[PDB]
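Accompanying notes for the structure given below.
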2 protein chains.
Amino acid sequence: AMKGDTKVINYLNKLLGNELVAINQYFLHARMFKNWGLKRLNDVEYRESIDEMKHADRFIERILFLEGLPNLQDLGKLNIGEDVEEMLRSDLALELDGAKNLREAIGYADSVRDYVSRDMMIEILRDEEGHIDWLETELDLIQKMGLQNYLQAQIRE
Amino acid sequence: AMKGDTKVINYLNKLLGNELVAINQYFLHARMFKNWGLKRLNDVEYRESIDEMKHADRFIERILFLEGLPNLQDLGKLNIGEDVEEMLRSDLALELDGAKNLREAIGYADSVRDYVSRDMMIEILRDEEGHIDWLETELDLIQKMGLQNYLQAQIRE
Ligand SMILES: [Zn+2]
Ligand SMILES: [Zn+2]
Ligand SMILES: [Zn+2]
Ligand SMILES: [Zn+2]
Ligand SMILES: [Zn+2]
Ligand SMILES: [Zn+2]
Ligand SMILES: [Zn+2]
Ligand SMILES: [Zn+2]
């Protein structure tokens, strides 16, 4: 029961849209992984999709508490990718942009004393840095091994 | 293990994108309803969101079976709406466009003897006509009652 900063609400709406794009992209990648028998990749995607759903729910709850309404930007075109490397590299692109947006939002909410919105986003950003670390690590392994050797290494004994 | 019609795959990708837009919009509406204490509205949304997730999964599975890959169009801007009538009227707009697209796809898959894709979409279209009926009925009740009386009538004894 309070009216929040108008720029804070706009940030929260931008960030919510980011989470929804990521969840859509996870929906497609999971099924693609599963079809190729890539169970370890599928299980990480699935698990991170749960993280993002939790973030979106937090955003919407915060917007509603601030007497704002959910109102999304153009969510654009997804770049789903055609092979595993491209899929993970697209995910990394989304994640790095989302983290950039989160930092910007955090700086601004902090600057205007919206410390509840700030603290929620800080928690979310910690989750996203974990997502980034995972992607970077996998992509570095694909570069080291070559994609086909990497994929062959996912096959279960 | 077969290669499907290229236009059939493009239809399936278009229709999949439709389902993802609808699921995003359900995610936002559910939480908005829940916040306003509109439990009956929230429960229908939630339940239909489950239908749409099932449809998207069918589409992706069919695309993968046809040796296609998931590849989405611009999913655009959602019109979330600012009051209950606007929210339901936006849902009706999505649903009517999605049903139009499904009929078009059904006619074409039938015309090229892709009767498995045709039959899957027919099943999906039956679900969507149910969604439409529900929306139209609620919207007719809002017109009859006025929105405020309608909303007051949702309140639980
Ligand atoms: Zn992914
Ligand atoms: Zn997230
Ligand atoms: Zn993430
Ligand atoms: Zn490379
Ligand atoms: Zn809705
Ligand atoms: Zn559907
Ligand atoms: Zn529907
Ligand atoms: Zn009206």
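Scan chain B and hand back the longest stretch that contains none of the trypsin sites (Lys or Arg not before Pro) lying in DSSP loops with at most 14 other Cβ atoms within 10 Å.
The longest such stretch corresponds to B:4-76.
Give the shape of the protein assembly as shown as rounded, prolate or oblate, defined through the alpha-carbon gyration tensor: a ≥ b ≥ c are the square roots of its eigenvalues, a/c under 1.5 means rounded, and otherwise the shape is prolate if a/b is larger than b/c and oblate if not.
Working: a/c = 2.44, a/b = 1.10, b/c = 2.22.
Oblate, because a/c is 1.5 or more while a/b does not exceed b/c.
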For A:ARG89, place a label point 7 Å out from Cα along the Cα→Cβ vector, do the same in each other copy, and report the separations in nm, one decimal, smallest first. 4.6
Can you tell me what percent of all Cα-Cα pairs in chain A are more than 18 Å apart? 59
Quick one: net charge of A:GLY81's neighbours, Cβ under 12 Å, K/R +1, D/E -1? -4
Once the Cα atoms of region B:28-78 are picked out, what are the Rg and Dmax in Å? 15.2, 46
Taking placed amide H atoms and a strict 5 Å upper bound, the residues 5 or more places from A:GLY76 or on another chain that come that close are B:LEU75, B:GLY76
Enter the Cα centre distance for the pair region A:2-64 and region B:128-153, rounded to the nearest angstrom. 31
In which sequence would B:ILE142, B:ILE132, B:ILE155, B:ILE124 go, from the one with the fewest C-beta neighbours within 10 Å to the one with the most? B:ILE155, B:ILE132, B:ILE142, B:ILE124
Please tell me which of these pairs span more than 24 angstrom C-alpha to C-alpha: A:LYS14/A:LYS144; A:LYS54/A:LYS144; B:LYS77/B:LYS100? A:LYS14/A:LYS144; A:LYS54/A:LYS144
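Read-outs throughout are calculated quantities, based only on the coordinates presented, and are distinct from any laboratory measurement. We place every Cβ from the backbone using ideal geometry, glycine too, and count neighbours over all the protein chains shown.
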